[PDB]
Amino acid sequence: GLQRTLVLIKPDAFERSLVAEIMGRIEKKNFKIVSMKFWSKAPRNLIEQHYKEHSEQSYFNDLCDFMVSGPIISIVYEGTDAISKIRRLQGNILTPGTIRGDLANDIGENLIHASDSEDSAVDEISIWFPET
């Protein structure tokens, strides 16, 4: 069940120097980088598309601002069951053992994004890596 999924390393990760720590956990679980981009500051449009689902939520504008308040890295990861597994690896701020579980403490500043489904992964990859 080989899959590709999309990961974003959020600006709080740079602010807090957790970038390598985060990528290390994914690497140590045996997933491979297919492609990767560094954005010293991501175009707002890209963030807006990425989080389009949320444009009606009240928090949507704070969320874009944050995503644009420092660098992000966009990564395409590949491996068996990658979408589901990396999602689990990302976890939530309540569950220790996971990325957000060990390292994050905020509902907004939570370090990493990982596609949550087959469809969102295909969509998300096309946003950040349109050259496909």
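Note that residue numbering follows the sequence shown and begins at 1.
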When the Cα temperature factors in the entry are averaged, is it 15-23 or 111-119 that ends up higher? 111-119
Between 79-87 and 54-62, name whichever shows the higher mean Cα B factor according to the PDB entry. 54-62
Would you check the entry's CA temperature factor for residue 127 and let me know if it's in the chain's lowest, middle or highest third? highest
Quick check for you: using the entry's CA B-factors within this chain, is residue 98 in the lowest, middle or highest third? lowest
Here the Cα B-factor of residue 104, set against its chain, lands in the third termed lowest
Assigned third (lowest, middle, highest) for the C-alpha B factor of residue 34: middle
Residue 46's Cα B-factor: lowest, middle or highest third of the chain? highest
